[PDB]
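Take a look at this one chain, the form solved without SN-glycerol-1-phosphate, written out in structure tokens.
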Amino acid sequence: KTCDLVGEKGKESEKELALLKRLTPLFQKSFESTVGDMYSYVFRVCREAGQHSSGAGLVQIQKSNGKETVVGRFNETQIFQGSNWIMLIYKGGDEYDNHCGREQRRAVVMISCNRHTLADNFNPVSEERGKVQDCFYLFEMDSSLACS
């Protein structure tokens, strides 16, 4: 299984399919947040990032008790690009219980161009959980694949 885009299989956006193809070299990799807090984050491109076979593309692990929360699933992927960046979004994460109208969590990853690395510097920016809807966890990473 890989990233699933909106639309029927084989009928998805050619623009999105092309971007997934471009990021293929990153599928085998795993990315983890730094700083050594309370939560750690693990992110993968179109592959299982969690340890519970939940279909997670990005997970949040609470350090004190090992709780793994799915932030976004790769079976609900959106991907687009600009001049020197690529935005990847995984929807369908575990539902909130007291924020955001109890909607499913979502992960938004901004990949910026960096000619010096295939991929690195992955880290969370912030979590927007103060809205009535359309909340999300925001992350950033660098990759030469985002360059033009």
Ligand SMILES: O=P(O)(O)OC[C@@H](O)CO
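All residue numbers are counted from 1 along the displayed sequence.
Keep in mind that the form solved in complex with SN-glycerol-1-phosphate is not shown, yet the notes after this line are about it.
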Practice problem: Please run the contact check for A119 against SN-glycerol-1-phosphate in the entry with it bound: heavy atoms, 4.5 angstroms, yes or no? | Solution: yes
Quiz item: Quick one: does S30 come within 4.5 Å of SN-glycerol-1-phosphate in the entry with it bound, counting heavy atoms only?
Solution: yes
Quiz prompt | Within 73-111, the residues that have a heavy atom no more than 4.5 Å from SN-glycerol-1-phosphate in the entry with it bound | solution = none
